């Protein structure tokens, strides 16, 4: 008859085992090789203001512990109760760019422990992580962001512990996982982030996600409504020059609506000190609207004396402006959209 599980666990890692979790596998020999892979269950809360993003993952860690090799059962592997994780050695993996992180204990510890005949261990744990993602917003809202995730050892130096991504499918994403503001690109870069502190040299592996911001929201809520205000400023040119309060009021309100439009769009962003692509658009839209008001300043000023010579001279400005600003604004959009579509 085969050995009872209770007796087996006691002899392998319990009281009678002589197993010490404070000693690493191959303790006098070469470093432990931990093979990592992650399953991304959820990806979101991508905040420009706080410059971070949230992720829910299953972190898988694989390594060999010869002390856990067994011959008592024919099974290729054994699925163990996760309470046995406290009894075995395991890597001290932490996330270097983590701002917040927690385990999941409902309804029980969200953990998995599997051991193989030859002493291989599979250790999966569910984690929620808030990771820092420094952003370059120069091309906002046509920007593309690279958010990273660093898996590092806190206490073991490179001679004792080394991390490594799986060869096949290191990062997996849940089927049908969508982000409302971004597109998560299929290609994820993998690299080493090996750290050198004054305490020594520590293993660190990295994955980089590429996030492309979706443009459609900004067309509807930012670019189209700015067009509306610029087009509105042009109706001044089809209005009678004698109607001063109407043309001025129409010129002012477009300028002020454009400033609140511009400042309101910057409300959901961090206070960076470089020029963004949306700042260029709003600046130029503000010129075209501001020029339409200066256009009437000229029309009102040259037409002071009611002599036909000046009334017609002022009339000439409106006829030119009626064609030139719509032309000049179209020329600007050609340049603008080509620059941020080509580059």
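Residue numbers count along the first chain shown, from 1.
- The stretch with the higher mean CA B factor, choosing between 248 to 256 and 199 to 207, is 248 to 256.
- Comparing the deposited coordinates for 110 to 118 and 210 to 218, the stretch with the larger average C-alpha B-factor is 210 to 218.
- Sorting 156, 234, 103, 163 by the CA temperature factor given in the entry leaves 234 at the top.
- Highest CA B-factor among 68, 51, 298, 36, as stated in the entry: 298.
- The PDB entry assigns residue 238 a C-alpha temperature factor belonging to the highest third of its chain's modelled residues.
- Residue 64: CA B factor lies in the lowest third for its chain, per the PDB record.
- In the deposited entry, the Cα temperature factor of residue 98 places it in the lowest third of its chain's modelled residues.
- Ranked within its chain, residue 194 lands in the middle third, by CA B factor from the PDB record.
- The deposited CA B-factor of residue 90 belongs to the lowest third of values across its chain.
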